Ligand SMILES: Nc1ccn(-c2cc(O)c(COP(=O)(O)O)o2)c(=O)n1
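Here you get one chain, nothing else, as structure tokens; it is the form deposited without this ligand.
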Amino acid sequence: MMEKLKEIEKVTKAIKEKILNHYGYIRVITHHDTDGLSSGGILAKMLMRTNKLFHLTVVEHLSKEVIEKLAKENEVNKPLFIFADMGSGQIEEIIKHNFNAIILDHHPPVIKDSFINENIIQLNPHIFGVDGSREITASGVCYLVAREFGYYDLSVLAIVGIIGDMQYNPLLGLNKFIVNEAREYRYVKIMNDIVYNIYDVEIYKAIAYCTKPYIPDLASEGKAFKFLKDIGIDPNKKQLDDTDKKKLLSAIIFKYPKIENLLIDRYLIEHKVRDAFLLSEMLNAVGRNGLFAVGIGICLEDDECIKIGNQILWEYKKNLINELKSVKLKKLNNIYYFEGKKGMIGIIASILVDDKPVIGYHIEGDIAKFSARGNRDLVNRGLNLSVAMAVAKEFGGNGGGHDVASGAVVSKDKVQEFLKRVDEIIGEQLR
């Protein structure tokens, strides 16, 4: 592991020198999810500290259209471009326009090279045989650059990206090294705890609006209040102690049996938002609402951006519970499915997964677009959603993805027939 870092240091040192020796404009382009906003915040601090002024933009997708602007800014003052949480998938277009560019990304690379020509450096873990889907995120990649300047305090934002991208359980590889370094330097403390304690609000509200896990029977202030009163816990306290947690867990297993999902390693970070899980949810909610610059402000610990983030998070959480309660969940033999709204199908399907895969879809043109979600126990028993969603090219469509999460597209009149086929495939995968 010290040897893999030694191979990565060759690329991070070159990136450091490229930034230090550049004196023109610097453009930072990052993504709007939690990992992208955290990357933006790491880069903003690192650049300010090295005396670089910069123009930071947050985009939703690095399309051909987006890259073809930007290239218009190249014509006079050819800036140094730093792409974060994107860039590897689109590297051909970036080479095409001859950007002076640094790419910090963990998406599977199209070109598996760290040095592309004389003007492009690509830092992507897959090039060193690190699995970017489980062992490092974009914010960790930006952090590997920052630590060449000795900015170990920025490790707290790398951890936020680890949570946002669901790479915290298990904690593997470079991610595990990053957390250990942060703990050694005392920027993070690690504490096993119950998930409701991360919110620092009234516990009955923490339970009412939780979606990790979502417990339908408890998903309202009234039912959560009553449940806590019954087992003798003060519903208005803001942290459950050890006695409260034993009583809660003993009682809740009857409404939600997989109570291991209620226990997590909490990360208490050196940041004004001290709970990394809470900061991750805040950045998500702010990014989903288009408040990109507020999200950067939160990473930079601005009081007012944090106050906006708190207000937006709880509106986001209340609205998500409302959306969840409006789902008309329909059951086949081995799956559930539902029709919902274009924006949140996959978000809703992942939250709804309990014992069987969940497939959501929305109708667009004549198209119908599906999002399929499973869990780890489902995969261990033999689920593979990309094989089952591939059957879309049997009904004049297309489908695929990962074993635990896949999509598909299939003409609007084949919905029932496509789902029957998917249901039967999954049934057989699990025997």
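Residues carry their position along the shown sequence, with the first being 1.
Self-check item: Of 158 to 166 and 231 to 239, the stretch whose C-alpha atoms average the higher B-factor in the entry
Solution: Mean C-alpha B-factor is greater for 231 to 239.
Quiz item: Do the C-alpha atoms of 18 to 26 or of 415 to 423 have the higher average B factor in the entry?
Solution: Mean CA B-factor is higher for 415 to 423.
Quiz item: At the C-alpha atoms, which of 288, 96, 246, 212 reaches the highest B-factor in this entry?
Solution: Spelled out: the listed residue with the top C-alpha B-factor is 96.
Quiz prompt | Deposited CA B-factor, highest of 265, 148, 355, 315 | solution = Comparing C-alpha B-factors across 265, 148, 355, 315, the maximum falls on 355.
Quiz prompt | Chain third (lowest, middle, highest) by recorded CA B-factor, residue given as residue 44 | solution = It falls in the bottom third of the chain.
Self-check item: Where the record places residue 115 (Cα B-factor, split into thirds across the chain)
Solution: Middle third, going by the recorded CA B-factors of the chain.
Self-check item: Relative C-alpha B-factor of residue 51, binned into the chain's lowest, middle or highest third
Solution: Middle third.
Exercise. Please place residue 202 in the lowest, middle or highest third of its chain by C-alpha B factor as given in the entry.
Key: Middle third of the chain for residue 202's C-alpha B-factor.
Quiz item: Taking the entry's C-alpha B-factors for this chain, is residue 92 in the lowest, middle or highest third?
Solution: For residue 92, the deposited C-alpha B-factor lands in the highest third.
Here the subject shifts to the form deposited with this ligand bound, a form of this protein not shown in this document.
Exercise. Run the contact test on 371, 400 and 406 with a 4.5 Å heavy atom cut-off to this ligand in the bound PDB entry and return yes or no.
Key: Affirmative, all three are within 4.5 Å.
Quiz item: Only one of 48 to 56, 22 to 30, 391 to 399, 376 to 384 gets a heavy atom within 4.5 Å of this ligand in the bound PDB entry; which is it?
Solution: Correct option: 391 to 399.
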